[PDB]
There are 2 protein chains.
Amino acid sequence: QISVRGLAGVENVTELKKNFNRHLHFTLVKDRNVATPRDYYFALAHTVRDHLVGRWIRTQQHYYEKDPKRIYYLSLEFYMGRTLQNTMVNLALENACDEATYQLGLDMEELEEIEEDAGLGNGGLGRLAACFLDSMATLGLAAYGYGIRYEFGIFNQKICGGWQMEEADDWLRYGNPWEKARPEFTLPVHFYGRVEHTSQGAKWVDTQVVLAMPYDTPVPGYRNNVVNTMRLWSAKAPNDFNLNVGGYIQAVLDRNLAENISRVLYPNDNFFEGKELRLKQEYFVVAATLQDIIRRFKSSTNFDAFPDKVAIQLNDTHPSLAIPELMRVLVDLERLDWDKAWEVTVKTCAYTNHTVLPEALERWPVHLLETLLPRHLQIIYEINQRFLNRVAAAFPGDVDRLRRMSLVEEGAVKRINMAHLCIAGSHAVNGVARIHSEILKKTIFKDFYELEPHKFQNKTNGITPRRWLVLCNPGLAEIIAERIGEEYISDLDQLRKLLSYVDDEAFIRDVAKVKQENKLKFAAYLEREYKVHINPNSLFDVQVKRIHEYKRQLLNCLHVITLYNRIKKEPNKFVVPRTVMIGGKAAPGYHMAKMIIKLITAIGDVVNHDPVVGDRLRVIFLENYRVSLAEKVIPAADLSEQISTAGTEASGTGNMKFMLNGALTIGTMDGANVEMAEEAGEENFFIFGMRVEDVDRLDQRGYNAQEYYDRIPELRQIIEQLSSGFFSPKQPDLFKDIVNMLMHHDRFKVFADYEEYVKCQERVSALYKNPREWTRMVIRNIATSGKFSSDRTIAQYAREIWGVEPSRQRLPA
Amino acid sequence: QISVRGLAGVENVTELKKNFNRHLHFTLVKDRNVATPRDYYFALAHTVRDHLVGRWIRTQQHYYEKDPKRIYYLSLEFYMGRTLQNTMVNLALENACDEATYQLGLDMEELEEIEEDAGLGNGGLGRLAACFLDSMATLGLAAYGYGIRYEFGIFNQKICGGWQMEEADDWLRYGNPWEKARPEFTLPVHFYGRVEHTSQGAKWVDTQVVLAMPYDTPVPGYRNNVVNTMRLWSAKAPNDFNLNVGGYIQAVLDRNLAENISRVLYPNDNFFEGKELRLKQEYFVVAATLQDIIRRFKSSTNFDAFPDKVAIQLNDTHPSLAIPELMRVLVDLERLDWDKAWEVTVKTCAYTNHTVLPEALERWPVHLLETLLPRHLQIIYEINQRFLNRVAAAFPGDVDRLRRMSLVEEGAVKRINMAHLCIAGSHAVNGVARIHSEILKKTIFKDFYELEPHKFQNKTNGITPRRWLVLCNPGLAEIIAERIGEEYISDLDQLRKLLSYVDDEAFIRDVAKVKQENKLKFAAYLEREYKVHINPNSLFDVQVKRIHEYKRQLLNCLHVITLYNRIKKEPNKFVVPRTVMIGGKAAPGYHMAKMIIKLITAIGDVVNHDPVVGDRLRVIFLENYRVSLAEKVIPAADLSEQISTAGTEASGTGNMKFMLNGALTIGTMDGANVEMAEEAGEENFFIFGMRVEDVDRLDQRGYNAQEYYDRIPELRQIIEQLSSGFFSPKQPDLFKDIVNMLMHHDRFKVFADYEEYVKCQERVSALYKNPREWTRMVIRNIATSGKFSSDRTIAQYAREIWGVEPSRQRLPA
Ligand SMILES: O=C(NC(=O)c1ccc(Cl)cc1)N[C@@H]1O[C@H](CO)[C@@H](O)[C@H](O)[C@H]1O
Ligand SMILES: O=C(NC(=O)c1ccc(Cl)cc1)N[C@@H]1O[C@H](CO)[C@@H](O)[C@H](O)[C@H]1O
């Protein structure tokens, strides 16, 4: 049907149809008479998977023969979403499969909806790892993603009576056609025990053993015949584990205790919790991965060359135990001297930071590490002593610096600061947007920057244009390709060529047409799956991301109520119609975030049923926001809400997805928003609110929310409505916690940006009244989104951190 | 190579080779350079599995169109062993696959050894279910085996310092290529809750739900293109199960509690234990199975026709809850009146008993059923009242009969007698050998036989000649086929034709040659896998079965020590050399059985290292006895030990396996031994010991073991050796429990049969000295083993219980 989806040749279509029929028969053991739609999905998945196999085997043999430097991306999260369509895109199989299935009397889009998301992440950090894997394969890097195969990913969110309910994400229930178990590469991981000192150094003895069994998933590059590997570890009890009838039975049932390590993803993305099971998960991935790395390195004695053949990237501090684990292996097992082992470790490891909020930073209680990992604690203490010796030599007499920089934090409970461990043991430390990286050097890591300035870098985040344009928005991809060709898909900077089409009447009409089509489709999705009705002609005002106080869904809520109150005051006055959509999951233990979700639904309950409002304002909570839902809502959006308090959102990546898909942005100068505005031009962005410097000024003076309440009558009205029970008539004091926080302990200064926000929103509505000028500004955004391709990000990591050159060259098919 | 293994046609071999290469590439994602022997096994398994698929789909569609009466075999145990070779045998693919793999440079026998046993049973009862499935498919019956998919089957047995150690049988670790998950047929099972009475009858409410997910395994008939189904249920928690971060995490981890139902096979085959988890297993299989049966019946309103289209066979009392569960569904859900529901239930269900030992009978505490299954307890009480009303009418004034026959047993704890439930609710009750069925009518079920004589039947056990001749002993199968053709494989009575070859010099030599070859192969197996050395020219004296006091491995031990002591007394006297092999697992909580294993190894430790003995006597404990080991040792045996106390072994089936494979039998007149001797002629069996009547006489008088000790000097010597520490020099009193039991509380009268046993063993040695006459008696045994084919057994079940006619006719390929 459309050019960018590839060729549907007679040979290929015939071959796909027969292999589909073969899988339905031999693999699924069904015939057309009893086959369910799910059976048809699996037959298609197996058919597409077959095309990956040859390329997968030949890519891995290519790396063996060429022996390039290998990149190991370590993460506790890989937020992959669905695999079927992505695989078809990267193999140029989409149109062929579409035709093949059509001739069989099936709708491929219907089959695509059956696949479960691989929801092995919380949000931005996990999705970044996924985009990175795609870009690394597309840039021909010998890269491996290493993580945990959780049985249960991020919970499915149900909304019941306006409240979030959590249910288990049993994503493996029907099987996973993409993974391949590799029980032959099973490795032992050790826990507990004690340290014994011999003449020949330290020994870690009397340990409990858990087995790590790998499952491999292929990661296809975009049309370059490269297929890399994501290897996820699963926990298995050894067969003599815990080994009378009651006693025998119990010993077998107790195997669950060991296998619980890989059972479930921790869904807390707001607040670090020092739970033992999470620590076990973190060591489990690190220990199994490093053995695998060393094995591959030896199968190429001389560890001097280790950093020339191995790079390890730490996605946050979650896999930070790689540093003392590498030291443990090199010193205790390989018998290298400390200084040489440390040199190898530093040159091998690099660390990426994703937040400056102190409550999110990992600080493990010493007593936990003492019991679980006694040898690692000893190694950490030795690292600390040697590091602080260097600090004392560089800054003599500065005793407070010594306590500030220590890996060991004193207090009620002694803790290890995992961020300090990562900086000391890495040759590179990076933030994820220019402003974030600068904040790291000026604030929380200032002391470390002064000691070792060369270590600190910036690597601005990106998103893959395969999933986030071609896959989710084929209509937009096609109209662009019609003008400038197909090369932009793996060279996104080429979108700048669209600047010469900003006054092109045909292109203006096409861009606006694609957006309208996307909005109609999404409006239809809402009625079919959720029975909710919306006006497709309204401005689609969208805020989708995890629920956090810092992200300020609450500020959005205040604007919504303002709009509602203004309509009620002057009902017969014209306003630009809006559909306000807010979606995202709250961490199960985060009370305030759960209250914010309830507020959003409560506002909807009032606004959506007021006859005076009509179809001029609608408020919808988007249930179960996840990768597959993002692929639907983002192409449909007109307005992207990126309204975090300046200095709190390290980068954001949702912002980039909206920019690429033809939405305009209302946002603060925070994270990557700053660079987005710089690329597009400030005239083409809706910027409002305090800058980082303004926040700092307010903090020095003291933030008093009452001042704003006193001086802004429209804000006072909203707070009075919330307090008096206007949005909860049967529970008048339901939102008391929210009001109390806003009035007395708001870390994120919601009131301080309120006036500028509402003002800016008026300017948005003004522009939307002029469709041609709205669309011209959209074109200026799409045309300058090139910088935010994760291909650019990965090329910078490769050149400036890993010491490898990317390659766009094809491998033979 | 050999005729019975089928044709190796050019077309087939070429096709097998290419499909093997396809699976190695596409299914296993490997190439020949990195492929392990396990990969090669899986490639072959998938290749053979492909050949089953068409026949499997077309068999099941045939049953839908023809709508015959369906047979449902319910069992908590299916002792299947390996599947690869059995599938090749039944599809006539063995020679073709042998050639295909040979041309690929692989040894198929080596690949066969890689498959894990499906050890989902304890012994005879579980193996009977497996032979039955094979025979039902071979006889063209529309039969389904229903059970539990245990994650862990019977434990692997390790011998450490002469003691049994148990380790988990993680048989699914590498995957199971034979099964197909059917998550679309997942069904809910209810537990706990309470009973509510409405105007419209009883309601079972407030229950906990566990999901039952089916896995289907194909069961091929012998060369008739029939492929039936074994459906095994796996336990799954619902997604809102048990649904704060700690709280959310724990709720997900607690899903293990529900899924523990299908985790492990209970290994206690000696003594009934009323454990809650076992009760849950029993209801789980029954509840899921009956829903599946009813669904299939409705997809053919009128339950009068239910018994015309459905037969349910209960393998022991383990699935006895089918009776009140069927009543529950018919009365509570379908709203049938009690009397009609009961008529349907009785006509549908039949019950097979497997032992008369009281400690093995299921007697569930009422308090357990009260909590777990409150509605079933009510139904059982109602069944009991109505049944006892009939008893009182038939035998007026007989108050003791009423308490004897009650389903409810009074005492310290009230219990439900599950055997009484089964008799009351079944139209047929059978024992498993003629003597056993007679003992049931005369002793434990006498009262029930007097009330309803028509209910009681005999169905003598059998074994499948596919696995237990063609598969394990191809050399013997071939020499038989050379003389009488191939028809005997599915018509074992044809072996009677071999009686005209008893004086045939060529045949005598061939039979003896096959046995010698089998012994050499097994002697080689022992050295390679276990590093133990044996004389292949010695008489192979074998006792393999689960370790039980009633089976009297101890009597065998006494004979061994007698032989040893006689050699030590007269070293330069000639004795027929023997290799005494004893193998079998002990239930983990069975102390005496564990002591018996230690005794056997302790005897071996003395005997095998005595220079005066030389190679004249060897005692070996066969570690980890299981189906695949049985297939190796049975073809190698000369002497089969079947020495249970008369009246204790209901049938035995190991006995029949030895008879078919050319071993002579030393045995008591117990179980099927009686019928074996009747078929072959008493002259051609080594019969010794008390008959059932002699045991009864001794019990009336009182069994005094001291009498035998006092009057038999050779027995006295052995007991003195055991007591004084001759077989345990470092722990002199190690075997005190054994001596004490033998002397003071031996339920099974080991001493009473000792003299006759030793005497009979001398007659065995005498015959073995004359190879030609030994072999002629062997031929007379093989020739009369036809009755003991499970095809004969199943044909009798079909005609006399299920009301269906078997068919040997082919389905189209
Ligand atoms: O998503 C996360 N963090 C988590 O999910 C998280 C997960 C676990 C803990 Cl303990 C803390 C935080 N961080 C985000 O990373 C993105 C990728 O760099 C950034 O765009 C975003 O600013 C940041 O909040
Ligand atoms: O194997 C068993 N029983 C068990 O495994 C068993 C399993 C569980 C319990 Cl609670 C009790 C016994 N019984 C045997 O059945 C065979 C088949 O009918 C007979 O040949 C044999 O005599 C009998 O002991």
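Conventions and cut-offs
Residues numbered from 1 in each chain as written, not as in the entry; some residues may be left out. Chains lettered and ligands numbered in written order. Heavy atoms only, no water. Core = buried A, V, L, I, M, F, W, Y, C linked by side-chain atoms within 4.5 Å. Buried < 20%, exposed > 50% of the residue type's maximum accessible area, 1.4 Å probe, protein only. Helix = DSSP H or I, 4+ residues; strand = E, 2+ residues; numbered from the N terminus. Contact = heavy atoms within 4.5 Å. Expected span 1.5 Å × (residues − 1). Arc of directions from axis to C-beta. Salt bridge = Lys/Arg side-chain N within 4 Å of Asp/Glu carboxyl O. Least-squares fit on C-alpha atoms. Near = heavy atom within 4 Å. Polar contact = N/O pair within 3.5 Å; in protein donor to acceptor, adjacent residues only side chain to side chain. Areas by Shrake-Rupley, 256 points an atom, 1.4 Å probe, with all protein chains shown as cover. Nonpolar A, V, L, I, M, F, W, Y, C, P; charged D, E, K, R; others polar. Domains from an automatic or database assignment. Pairing = 2+ DSSP bridges.

The deposited coordinates, according to the entry record, derive from X-ray crystallography at 1.96 Å resolution.

*Asks:* Tell me what's going on with the nonpolar core, and back it up with residues and numbers.
*Replies:* Counting 265 residues, the largest nonpolar core has A:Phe284, A:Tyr488, A:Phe751 and A:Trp802 as the members making the most contacts within it. Element by element, the count of residues in this core is highest for helix α9 (residues 276-298) of chain A, at 12 residues. In this structure A:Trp802 touches A:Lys69, A:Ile71, A:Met136, A:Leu141, A:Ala311, A:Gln313, A:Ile794 and A:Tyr797, once residues within four positions along its chain are discounted. Formed by 264 residues, the second largest nonpolar core is a distinct cluster that contains A:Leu253, B:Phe306, B:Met592 and B:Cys760.

*Asks:* Outline helix α29 (residues 713-724) of chain A, supporting the account with residue identities and numerical values.
*Replies:* Residue and element names in this part refer to chain A. An ideal rise of 1.5 Å per residue puts 16 Å on 12 residues; α29 measures up with 16 Å between its terminal C-alpha atoms. What α29 keeps buried is the set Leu715, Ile718, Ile719, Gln721 and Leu722. End-on, the buried residues of α29 take up no more than an arc of 155°, which puts them together on one face. Exposed and facing more than 90 degrees away from the buried side of α29 are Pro713 and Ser724. Against α22 (553-569), α23 (591-607), α28 (705-711), α30 (736-744) and α31 (754-768) lie the buried residues of α29. Remark: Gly725 follows α29 within two positions and exhibits a positive phi of approximately 95°.

*Asks:* Tell me about the pattern of salt bridges, and please be specific about residues and values.
*Replies:* Side-chain pairing between opposite charges can occur once the charged atoms of the two side chains come close. All names here are of chain A. Throughout the structure, instances matching the rule amount to 154 salt bridges over all chains. Across the pair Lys340 and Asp304 runs a salt bridge, and its minimum N-O distance is 3.1 Å. Separated by 36 residues along the polypeptide, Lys340 in helix α12 (residues 338-348) and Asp304 in the loop between α9 and α10 (306-309) bring together distant segments of the chain. Relative accessible area serves as the criterion here: at 18%, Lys340 is assigned to the buried category. Two residues, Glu359 and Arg747, come together in a salt bridge whose shortest N-O distance is 2.8 Å. Residue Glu359 is found in the loop between β14 (349-352) and β15 (363-365), and its partner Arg747 is found in the loop between α30 and α31; the two are separated by 388 residues along the sequence. Three or more residues joined by partner-sharing salt bridges are found here, namely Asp398, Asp400, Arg401, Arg403, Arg404, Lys446, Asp447 and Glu450.

*Asks:* Let's hear about the environment of A:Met327: which residues, and what values?
*Replies:* Residues and elements named next belong to chain A. In this fold, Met327 is placed in helix α11 (residues 322-333). A sequence separation of 56 residues divides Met327 from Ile383, and the C-alpha atoms of the two residues are 9.7 Å apart. If near-sequence neighbours (up to four positions away) are discounted, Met327 is found in contact with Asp332, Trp338, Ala341, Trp342, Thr345 and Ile379.

*Asks:* Could you give an account of the relation of the copies chain A and chain B, with specific residues and numbers?
*Replies:* For these two chains of identical sequence, chain A goes onto chain B by a turn of 180° and a shift of 0.0 Å along the axis, with RMSD 0.0 Å. The two molecules are tied by a two-fold rotation axis, judged by turn and shift. For chain A, the minimum C-alpha distance to the rotation axis belongs to A:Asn256 and amounts to 3.7 Å.

*Asks:* Can you tell me about the site of ligand 2, naming the residues and giving the values?
*Replies:* Residues and elements named next belong to chain B. Taken together, 17 residues are adjacent to ligand 2, and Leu125, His354, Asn461, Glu649 and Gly652 come closest. One of the backbone N or O atoms of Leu125 is found 3.0 Å from an oxygen atom in ligand 2. Taking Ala650, its main chain carries an N or O atom lying 3.3 Å from an oxygen atom of ligand 2. Starting from 540 Å² of accessible surface for ligand 2 in isolation, the protein chains cover 91%. Residue classes in the shell around ligand 2 are distributed as 5 nonpolar, 9 polar and 3 charged. Summarising the domain contributions, the shell around ligand 2 has at least three residues from each of domain 1 (1-462 + 790-813) and domain 2 (463-789).

*Asks:* Residues and numbers for the sheet that holds strand β17 (residues 415-417) of chain A, please.
*Replies:* Residues and elements named next belong to chain A. The 3 strands are arranged β15-β17-β16 in an open sheet whose pairing can be described as antiparallel. One side of each edge strand has no neighbouring strand; the edge strands of this open sheet are β15 and β16 (408-409). As paired strands, β16 and β17 are joined by 2 bridges and run antiparallel to one another. Each residue of the ladder has a partner; that of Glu409, found in β17, is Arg415.

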